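Source file protein_31.pdb; content: PDB, C-alpha atoms (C1' of nucleotides) and all ligand atoms.
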```pdb
ATOM      1  CA  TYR O   3       0.000   0.000   0.000
ATOM      2  CA  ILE O   4       1.130   3.528  -0.895
ATOM      3  CA  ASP O   5      -0.280   6.390   1.150
ATOM      4  CA  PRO O   6      -1.358   9.285  -1.110
ATOM      5  CA  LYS O   7      -0.333  11.790   1.550
ATOM      6  CA  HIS O   8       3.247  13.106   1.584
ATOM      7  CA  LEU O   9       3.339  12.661  -2.226
ATOM      8  CA  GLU O  10       2.863  15.658  -4.530
ATOM      9  CA  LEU O  11       0.363  13.918  -6.773
ATOM     10  CA  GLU O  12      -0.835  15.373 -10.071
ATOM     11  CA  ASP O  13      -3.707  14.131 -12.205
ATOM     12  CA  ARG O  14      -4.604  13.878 -15.873
ATOM     13  CA  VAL O  15      -8.012  13.227 -17.421
ATOM     14  CA  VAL O  16      -7.475  10.254 -19.720
ATOM     15  CA  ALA O  17     -11.051   9.993 -20.979
ATOM     16  CA  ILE O  18     -14.478  11.502 -20.348
ATOM     17  CA  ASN O  19     -17.182   9.126 -21.582
ATOM     18  CA  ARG O  20     -20.815  10.237 -21.754
ATOM     19  CA  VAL O  21     -22.815   7.173 -20.704
ATOM     20  CA  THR O  22     -26.580   6.770 -20.918
ATOM     21  CA  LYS O  23     -29.053   4.874 -18.765
ATOM     22  CA  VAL O  24     -32.446   4.501 -20.419
ATOM     23  CA  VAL O  25     -35.320   5.481 -18.135
ATOM     24  CA  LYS O  26     -39.075   5.344 -18.602
ATOM     25  CA  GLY O  27     -39.177   9.026 -19.506
ATOM     26  CA  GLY O  28     -36.195   8.734 -21.831
ATOM     27  CA  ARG O  29     -32.428   9.113 -21.488
ATOM     28  CA  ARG O  30     -30.566   9.652 -18.210
ATOM     29  CA  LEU O  31     -27.199  11.121 -19.173
ATOM     30  CA  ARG O  32     -24.167  10.782 -16.910
ATOM     31  CA  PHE O  33     -20.451  11.433 -17.298
ATOM     32  CA  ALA O  34     -17.883   8.731 -16.578
ATOM     33  CA  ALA O  35     -14.345  10.039 -16.141
ATOM     34  CA  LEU O  36     -11.132   8.027 -16.225
ATOM     35  CA  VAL O  37      -8.263   9.746 -14.420
ATOM     36  CA  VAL O  38      -4.612   8.852 -13.866
ATOM     37  CA  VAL O  39      -2.861  10.450 -10.894
ATOM     38  CA  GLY O  40       0.884  10.113 -10.504
ATOM     39  CA  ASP O  41       3.940  11.453  -8.750
ATOM     40  CA  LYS O  42       6.498  11.662 -11.604
ATOM     41  CA  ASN O  43       8.840   9.674  -9.346
ATOM     42  CA  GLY O  44       7.522   6.109  -9.719
ATOM     43  CA  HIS O  45       4.035   6.209  -8.145
ATOM     44  CA  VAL O  46       0.881   6.222 -10.259
ATOM     45  CA  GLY O  47      -2.736   5.138 -10.044
ATOM     46  CA  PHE O  48      -5.944   5.268 -12.042
ATOM     47  CA  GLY O  49      -9.458   5.967 -10.831
ATOM     48  CA  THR O  50     -12.965   5.999 -12.254
ATOM     49  CA  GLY O  51     -15.714   8.435 -11.343
ATOM     50  CA  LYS O  52     -19.281   8.696 -12.635
ATOM     51  CA  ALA O  53     -21.432  11.771 -12.079
ATOM     52  CA  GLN O  54     -24.089  13.920 -13.706
ATOM     53  CA  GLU O  55     -21.507  16.669 -14.272
ATOM     54  CA  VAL O  56     -18.002  16.449 -15.692
ATOM     55  CA  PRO O  57     -16.137  18.205 -12.833
ATOM     56  CA  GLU O  58     -17.756  16.021 -10.180
ATOM     57  CA  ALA O  59     -16.993  12.833 -12.096
ATOM     58  CA  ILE O  60     -13.370  13.949 -12.391
ATOM     59  CA  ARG O  61     -13.132  14.721  -8.676
ATOM     60  CA  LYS O  62     -14.544  11.325  -7.710
ATOM     61  CA  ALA O  63     -12.127   9.598 -10.078
ATOM     62  CA  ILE O  64      -9.194  11.518  -8.602
ATOM     63  CA  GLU O  65      -9.991  10.342  -5.083
ATOM     64  CA  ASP O  66     -10.338   6.755  -6.294
ATOM     65  CA  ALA O  67      -6.998   6.924  -8.112
ATOM     66  CA  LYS O  68      -5.195   8.157  -5.000
ATOM     67  CA  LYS O  69      -6.530   5.123  -3.144
ATOM     68  CA  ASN O  70      -5.130   2.870  -5.890
ATOM     69  CA  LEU O  71      -1.607   4.317  -6.214
ATOM     70  CA  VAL O  72       1.135   1.791  -6.982
ATOM     71  CA  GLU O  73       4.903   2.074  -7.341
ATOM     72  CA  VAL O  74       6.728   1.231 -10.571
ATOM     73  CA  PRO O  75      10.349   0.018 -10.623
ATOM     74  CA  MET O  76      12.592   2.218 -12.727
ATOM     75  CA  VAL O  77      16.201   1.862 -13.863
ATOM     76  CA  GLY O  78      17.413   5.309 -14.802
ATOM     77  CA  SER O  79      14.861   6.861 -17.141
ATOM     78  CA  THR O  80      13.366   3.542 -18.292
ATOM     79  CA  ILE O  81      11.837   0.343 -16.936
ATOM     80  CA  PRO O  82      14.037  -2.612 -15.905
ATOM     81  CA  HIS O  83      12.909  -5.148 -18.503
ATOM     82  CA  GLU O  84      10.375  -5.927 -21.200
ATOM     83  CA  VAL O  85       6.906  -6.700 -19.867
ATOM     84  CA  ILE O  86       3.511  -7.526 -21.370
ATOM     85  CA  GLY O  87       0.408  -6.578 -19.390
ATOM     86  CA  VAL O  88      -2.980  -8.036 -20.289
ATOM     87  CA  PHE O  89      -6.348  -7.086 -18.826
ATOM     88  CA  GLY O  90      -9.511  -8.064 -20.648
ATOM     89  CA  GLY O  91      -9.301  -6.825 -24.201
ATOM     90  CA  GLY O  92      -6.361  -4.593 -23.369
ATOM     91  CA  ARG O  93      -2.893  -5.895 -24.170
ATOM     92  CA  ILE O  94       0.250  -3.776 -23.899
ATOM     93  CA  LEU O  95       3.936  -4.526 -24.441
ATOM     94  CA  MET O  96       6.469  -2.127 -22.929
ATOM     95  CA  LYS O  97      10.215  -2.320 -23.513
ATOM     96  CA  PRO O  98      13.120  -0.343 -22.052
ATOM     97  CA  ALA O  99      14.511   2.367 -24.300
ATOM     98  CA  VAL O 100      17.860   4.114 -24.536
ATOM     99  CA  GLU O 101      18.210   7.438 -22.754
ATOM    100  CA  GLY O 102      16.652  10.328 -24.644
ATOM    101  CA  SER O 103      14.576   8.183 -27.002
ATOM    102  CA  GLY O 104      11.368   9.525 -25.447
ATOM    103  CA  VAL O 105       8.071   7.876 -24.606
ATOM    104  CA  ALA O 106       6.954   5.849 -27.626
ATOM    105  CA  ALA O 107       3.388   4.998 -26.638
ATOM    106  CA  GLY O 108      -0.181   5.682 -27.662
ATOM    107  CA  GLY O 109      -3.033   7.448 -25.927
ATOM    108  CA  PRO O 110      -3.798   6.316 -22.376
ATOM    109  CA  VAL O 111      -0.433   4.586 -22.013
ATOM    110  CA  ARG O 112       1.175   7.988 -22.544
ATOM    111  CA  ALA O 113      -0.588   9.456 -19.515
ATOM    112  CA  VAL O 114       0.206   6.465 -17.304
ATOM    113  CA  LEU O 115       3.900   6.599 -18.169
ATOM    114  CA  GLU O 116       4.315  10.373 -17.974
ATOM    115  CA  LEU O 117       2.531  10.547 -14.626
ATOM    116  CA  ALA O 118       4.542   7.590 -13.344
ATOM    117  CA  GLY O 119       7.653   9.559 -14.285
ATOM    118  CA  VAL O 120       9.141   7.241 -16.909
ATOM    119  CA  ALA O 121      10.870   9.421 -19.491
ATOM    120  CA  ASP O 122      12.121   6.919 -22.099
ATOM    121  CA  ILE O 123      10.302   3.732 -23.101
ATOM    122  CA  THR O 124       8.974   1.845 -26.124
ATOM    123  CA  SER O 125       5.422   0.520 -26.005
ATOM    124  CA  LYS O 126       3.013  -1.231 -28.353
ATOM    125  CA  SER O 127      -0.689  -1.886 -27.766
ATOM    126  CA  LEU O 128      -1.654  -5.263 -29.230
ATOM    127  CA  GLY O 129      -5.199  -5.254 -27.834
ATOM    128  CA  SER O 130      -8.253  -3.016 -27.966
ATOM    129  CA  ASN O 131      -8.332   0.777 -27.728
ATOM    130  CA  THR O 132     -10.823   0.831 -24.840
ATOM    131  CA  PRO O 133      -9.191   3.449 -22.580
ATOM    132  CA  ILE O 134     -10.176   1.795 -19.292
ATOM    133  CA  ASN O 135      -8.893  -1.622 -20.362
ATOM    134  CA  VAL O 136      -5.625  -0.301 -21.794
ATOM    135  CA  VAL O 137      -4.906   1.640 -18.610
ATOM    136  CA  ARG O 138      -5.629  -1.467 -16.559
ATOM    137  CA  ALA O 139      -3.389  -3.525 -18.831
ATOM    138  CA  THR O 140      -0.633  -0.927 -18.485
ATOM    139  CA  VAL O 141      -0.625  -1.085 -14.686
ATOM    140  CA  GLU O 142      -0.679  -4.881 -14.871
ATOM    141  CA  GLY O 143       2.541  -4.811 -16.871
ATOM    142  CA  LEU O 144       4.138  -2.339 -14.471
ATOM    143  CA  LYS O 145       3.268  -4.549 -11.505
ATOM    144  CA  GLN O 146       5.020  -7.379 -13.345
ATOM    145  CA  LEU O 147       8.195  -5.270 -13.488
ATOM    146  CA  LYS O 148      10.796  -6.521 -11.021
ATOM    147  CA  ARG O 149      13.768  -4.906  -9.313
ATOM    148  CA  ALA O 150      17.227  -6.367  -9.781
ATOM    149  CA  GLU O 151      17.783  -6.107  -6.031
ATOM    150  CA  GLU O 152      14.559  -7.954  -5.238
ATOM    151  CA  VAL O 153      15.339 -10.675  -7.776
ATOM    152  CA  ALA O 154      18.875 -10.997  -6.437
ATOM    153  CA  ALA O 155      17.551 -11.276  -2.888
ATOM    154  CA  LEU O 156      14.913 -13.831  -3.877
ATOM    155  CA  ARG O 157      17.307 -16.077  -5.797
ATOM    156  CA  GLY O 158      19.995 -15.870  -3.118
ATOM    157  CA  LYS O 159      22.734 -14.434  -5.335
ATOM    158  CA  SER O 160      24.352 -11.025  -5.583
ATOM    159  CA  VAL O 161      22.954  -8.729  -8.251
ATOM    160  CA  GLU O 162      26.391  -8.749  -9.876
ATOM    161  CA  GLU O 163      26.209 -12.541 -10.066
ATOM    162  CA  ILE O 164      22.715 -12.349 -11.568
ATOM    163  CA  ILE O 165      23.932 -10.053 -14.344
TER     164      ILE O 165
ATOM    165  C1'   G S   1       7.529  -1.211 -32.382
ATOM    166  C1'   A S   2       2.551   5.756 -30.475
ATOM    167  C1'   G S   3      -2.228   5.487 -32.597
ATOM    168  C1'   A S   4      -7.502   7.728 -34.016
ATOM    169  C1'   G S   5     -12.782   7.691 -36.175
ATOM    170  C1'   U S   6     -16.937   4.493 -37.046
ATOM    171  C1'   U S   7     -21.802  -1.039 -35.153
ATOM    172  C1'   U S   8     -25.092   0.541 -29.395
ATOM    173  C1'   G S   9     -30.033   3.895 -25.734
ATOM    174  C1'   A S  10     -25.349   3.060 -23.281
ATOM    175  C1'   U S  11     -21.314  -0.941 -22.508
ATOM    176  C1'   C S  12     -17.349  -4.847 -23.225
ATOM    177  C1'   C S  13     -15.633  -8.056 -26.955
ATOM    178  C1'   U S  14     -15.115  -9.456 -32.057
ATOM    179  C1'   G S  15     -14.790  -7.332 -36.813
ATOM    180  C1'   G S  16     -14.324  -4.830 -41.215
ATOM    181  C1'   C S  17     -13.903  -0.101 -43.347
ATOM    182  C1'   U S  18     -11.267   4.980 -43.111
ATOM    183  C1'   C S  19      -7.405   8.277 -41.572
ATOM    184  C1'   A S  20      -2.732  10.392 -39.426
ATOM    185  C1'   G S  21       3.782   8.458 -42.065
ATOM    186  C1'   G S  22       7.034   7.613 -45.979
ATOM    187  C1'   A S  23       8.150   6.786 -51.180
ATOM    188  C1'   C S  24       7.911   8.139 -57.008
ATOM    189  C1'   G S  25      11.263   7.931 -64.016
ATOM    190  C1'   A S  26       5.006  10.216 -61.912
ATOM    191  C1'   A S  27       0.826  13.153 -64.217
ATOM    192  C1'   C S  28      -2.811  17.044 -63.232
ATOM    193  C1'   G S  29      -4.552  21.992 -60.681
ATOM    194  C1'   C S  30      -2.730  26.825 -58.676
ATOM    195  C1'   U S  31       1.706  29.239 -58.294
ATOM    196  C1'   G S  32       6.619  30.202 -59.538
ATOM    197  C1'   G S  33      13.409  33.884 -58.170
ATOM    198  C1'   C S  34      18.104  31.739 -58.597
ATOM    199  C1'   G S  35      22.174  28.133 -58.275
ATOM    200  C1'   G S  36      24.637  22.984 -57.677
ATOM    201  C1'   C S  37      23.877  17.720 -58.625
ATOM    202  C1'   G S  38      20.889  14.255 -60.925
ATOM    203  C1'   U S  39      16.598  12.478 -63.831
ATOM    204  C1'   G S  40      13.350  12.906 -68.186
ATOM    205  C1'   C S  41       8.451   7.485 -73.890
ATOM    206  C1'   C S  42       6.797   3.686 -67.885
ATOM    207  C1'   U S  43       2.160   3.708 -73.441
ATOM    208  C1'   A S  44       2.851   1.404 -79.853
ATOM    209  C1'   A S  45       9.407  -4.397 -79.854
ATOM    210  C1'   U S  46       4.001   1.291 -83.549
ATOM    211  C1'   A S  47       5.447   3.668 -88.609
ATOM    212  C1'   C S  48       9.377   6.737 -89.711
ATOM    213  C1'   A S  49      11.111  12.809 -93.721
ATOM    214  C1'   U S  50      15.902  14.791 -93.098
ATOM    215  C1'   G S  51      21.178  15.000 -91.233
ATOM    216  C1'   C S  52      25.030  12.116 -88.701
ATOM    217  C1'   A S  53      26.151   7.111 -85.497
ATOM    218  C1'   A S  54      32.560   2.593 -89.129
ATOM    219  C1'   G S  55      36.318   3.537 -90.821
ATOM    220  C1'   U S  56      41.409   3.383 -91.420
ATOM    221  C1'   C S  57      46.366   2.044 -93.647
ATOM    222  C1'   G S  58      50.563   5.097 -99.639
ATOM    223  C1'   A S  59      56.096   2.478 -94.447
ATOM    224  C1'   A S  60      51.553  -4.280 -98.473
ATOM    225  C1'   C S  61      50.514  -3.289-104.128
ATOM    226  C1'   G S  62      49.776  -1.377-109.216
ATOM    227  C1'   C S  63      47.391   2.688-111.243
ATOM    228  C1'   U S  64      45.290   7.653-112.220
ATOM    229  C1'   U S  65      44.435  13.855-111.815
ATOM    230  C1'   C S  66      46.899  18.668-110.708
ATOM    231  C1'   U S  67      51.445  22.466-108.061
ATOM    232  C1'   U S  68      56.781  24.024-111.091
TER     233        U S  68
HETATM  234  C1  LIG O 201     -48.364   6.032 -11.971
HETATM  235  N1  LIG O 201     -47.564   7.183 -11.608
HETATM  236  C2  LIG O 201     -46.324   7.179 -12.400
HETATM  237  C3  LIG O 201     -45.326   6.299 -11.745
HETATM  238  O1  LIG O 201     -45.260   6.633 -10.405
HETATM  239  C4  LIG O 201     -43.848   6.441 -12.373
HETATM  240  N2  LIG O 201     -42.931   5.854 -11.501
HETATM  241  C5  LIG O 201     -43.233   4.452 -11.298
HETATM  242  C6  LIG O 201     -43.408   7.918 -12.572
HETATM  243  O2  LIG O 201     -42.083   8.014 -13.258
HETATM  244  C7  LIG O 201     -41.799   8.876 -13.400
HETATM  245  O3  LIG O 201     -41.522   9.451 -12.158
HETATM  246  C8  LIG O 201     -40.853   8.854 -13.942
HETATM  247  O4  LIG O 201     -39.798   8.976 -13.428
HETATM  248  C9  LIG O 201     -41.049   8.638 -15.445
HETATM  249  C10 LIG O 201     -42.041   9.519 -16.005
HETATM  250  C11 LIG O 201     -42.332   9.033 -17.630
HETATM  251  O5  LIG O 201     -43.034   9.470 -15.425
HETATM  252  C12 LIG O 201     -42.847   9.763 -14.045
HETATM  253  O6  LIG O 201     -44.111   9.660 -13.378
HETATM  254  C13 LIG O 201     -44.405   8.706 -13.253
HETATM  255  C14 LIG O 201     -45.831   8.624 -12.480
HETATM  256  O7  LIG O 201     -46.747   9.339 -13.146
HETATM  257  K     K O 202     -22.363   5.481 -37.261
HETATM  258  K     K O 203     -12.004  -0.695 -35.024
HETATM  259 MG    MG O 204     -13.702  -0.603  -9.572
HETATM  260 MG    MG O 205      10.104   1.404 -74.186
END
```
Turn the structure described in the file into structure tokens.
Ligand SMILES: CN[C@@H]1[C@H](O)[C@H](NC)[C@H]2O[C@@]3(O)C(=O)C[C@@H](C)O[C@H]3O[C@@H]2[C@H]1O
Ligand SMILES: [K+]
Ligand SMILES: [K+]
Ligand SMILES: [Mg+2]
Ligand SMILES: [Mg+2]
Amino acid sequence: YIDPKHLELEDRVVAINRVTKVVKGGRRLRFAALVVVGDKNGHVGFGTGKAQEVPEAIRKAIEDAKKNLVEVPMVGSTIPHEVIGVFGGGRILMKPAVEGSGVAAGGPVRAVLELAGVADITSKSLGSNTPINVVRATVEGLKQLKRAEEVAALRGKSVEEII
RNA sequence: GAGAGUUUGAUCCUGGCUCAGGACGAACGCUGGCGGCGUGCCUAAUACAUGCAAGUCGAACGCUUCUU
């Protein structure tokens, strides 16, 4: 668990989807907002908020995202190793990149990575474009990412021996 | 190793279609200052006026026309 407090979190509105519930009189229109809130230092989360008005949906989503913050391993400006994250339709593949290459990624993955604070990475989305699913798939891949120190500790060998 | 639009009242998935890039012996439209380097019948191996694109050797040979 990562406490939102003590972290200077900033948010970005990934998607604002106007959803409809059909009611006897007609259409009941609501706004569903997907938000990604991150620390630019390795912590990031995503939250969903539904409300009659766009600002309120965004605010609800922001609070949810803070609750869901997670930490991403990072070696320099890029991730430790290649990782594929799959959630539902979403399917993302993210690879380390050389320094200065930038963030090669599309749409929602861009927000997740920027907010997380990763500056250089290569990513490809092999699944659907559904923003919620791709964001979920992104965080799944990041949770798969492993630290050299943790791996070295787990396997019982020095990190130098591992590499 | 970037995506985006579009099926629905709304949603996820599947799925096609379309677009954002680059390329060219290009052509067309509008427009048009210069220079360097390059390229220019992709079609009818269709038909071709005209001129030229294969001559040279007198130290292999015998002739023949003029200059004093
Ligand atoms: C018989 N009275 C109806 C009934 O109460 C409906 N709710 C069950 C009620 O529904 C509404 O309140 C609605 O929300 C829909 C609207 C077409 O009619 C409205 O009035 C509707 C009332 O007129
Ligand atoms: K349509
Ligand atoms: K599609
Ligand atoms: Mg939830
Ligand atoms: Mg020809």
Do me a favour and pick out the residues of chain S within 12 Å of chain O, using all atoms listed in the file, as a VMD selection string.
-> chain S and resid 1 to 5 8 to 15
Identify all residues satisfying the PyMOL selection byres (((chain O and resi 36-43) around 6) and not hetatm) in the given file; provide them as a list in words.
->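 Given this file, the PyMOL selection byres (((chain O and resi 36-43) around 6) and not hetatm) evaluates to residues 11, 12, 13, 14, 15, 16, 17, 35, 44, 45, 46, 47, 48, 49, 50, 63, 117, 118 and 119 of chain O.
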Quick one: what's the axis-aligned box for ligand LIG 201 (chain O), all listed atoms, 3 Å on every side, centre and edges in Å to one decimal, as JSON?
```
{"center_x": -44.1, "center_y": 7.1, "center_z": -14.0, "size_x": 14.6, "size_y": 11.3, "size_z": 13.2}
```
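With distances restricted to only C-alpha atoms (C1' of nucleotides) and all ligand atoms, S:41 is the closest residue to ligand MG 205 (chain O) from S:48, S:41, S:60, S:66.
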Would you mind listing what lies within 12 Å of residue 25 in chain S as a list in words, with all atoms listed in the file counted and same-chain residues fewer than 5 positions away left out?
->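 Close residues of residue 25 in chain S: residues 38, 39, 40, 41 and 42 of chain S.
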Quote the spacing between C1' of residue 20 in chain S and CA of residue 136 in chain O in Å to one decimal place.
->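 These atoms are spaced 20.8 Å apart.
From CA of residue 6 in chain O back to CA of residue 101 in chain O, the distance works out to 29.2 Å.
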Interatomic distance (Å, one decimal) between atom K of ligand K 203 (chain O) and CA of residue 122 in chain O |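 Distance between the two atoms: 28.4 Å.
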Selection: 9 Å around residue 145 in chain O, only C-alpha atoms (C1' of nucleotides), excl. self and same-chain fewer than 4 positions, as a list in words |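 Residues meeting the cut-off are residues 72, 73, 74, 75, 87, 140 and 141 of chain O.
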Could you pull the residues within 12 Å of residue 6 in chain S, counting all atoms listed in the file, minus those fewer than 4 positions along the same chain, as an NGL selection string?
-> :S and (16-19)
Selection result for the PyMOL selection byres (((chain O and resi 52) around 8) and not hetatm) on this file, as JSON, numbers by chain = {"O": [32, 33, 34, 35, 50, 51, 53, 54, 58, 59, 60, 62, 63]}
Keeping only C-alpha atoms, write the selected residues to a file as a tab-separated table (two decimals), in the frame of the given file.
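Contents of the output file again.tsv:
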```
chain	number	residue	atom	x	y	z
O	32	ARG	CA	-24.17	10.78	-16.91
O	33	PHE	CA	-20.45	11.43	-17.30
O	34	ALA	CA	-17.88	8.73	-16.58
O	35	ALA	CA	-14.34	10.04	-16.14
O	50	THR	CA	-12.96	6.00	-12.25
O	51	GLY	CA	-15.71	8.44	-11.34
O	53	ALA	CA	-21.43	11.77	-12.08
O	54	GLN	CA	-24.09	13.92	-13.71
O	58	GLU	CA	-17.76	16.02	-10.18
O	59	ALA	CA	-16.99	12.83	-12.10
O	60	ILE	CA	-13.37	13.95	-12.39
O	62	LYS	CA	-14.54	11.32	-7.71
O	63	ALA	CA	-12.13	9.60	-10.08
```
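Once residue 161 in chain O and its same-chain neighbours fewer than 3 positions away are set aside, residues 150, 151, 153, 154, 164 and 165 of chain O remain within 8 Å of it when counting all atoms listed in the file.
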To verify the selection step, state as a ChimeraX atom specification which residues the PyMOL selection byres (((chain O and resi 98) around 6) and not hetatm) yields on this input.
-> /O:80-81,83,97,99,123
Go through S:7, S:68, S:31, S:43 and flag the residue nearest ligand MG 205 (chain O), using all atoms listed in the file for the distances.
->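 Once distances to ligand MG 205 (chain O) are computed over all atoms listed in the file, the minimum belongs to S:43.
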Choose the residue, out of O:134, O:147, O:3, O:113, that has the smallest atom-to-atom separation from residue 18 in chain O; count all atoms listed in the file.
->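 Among O:134, O:147, O:3, O:113, it is O:134 that comes nearest to residue 18 in chain O.
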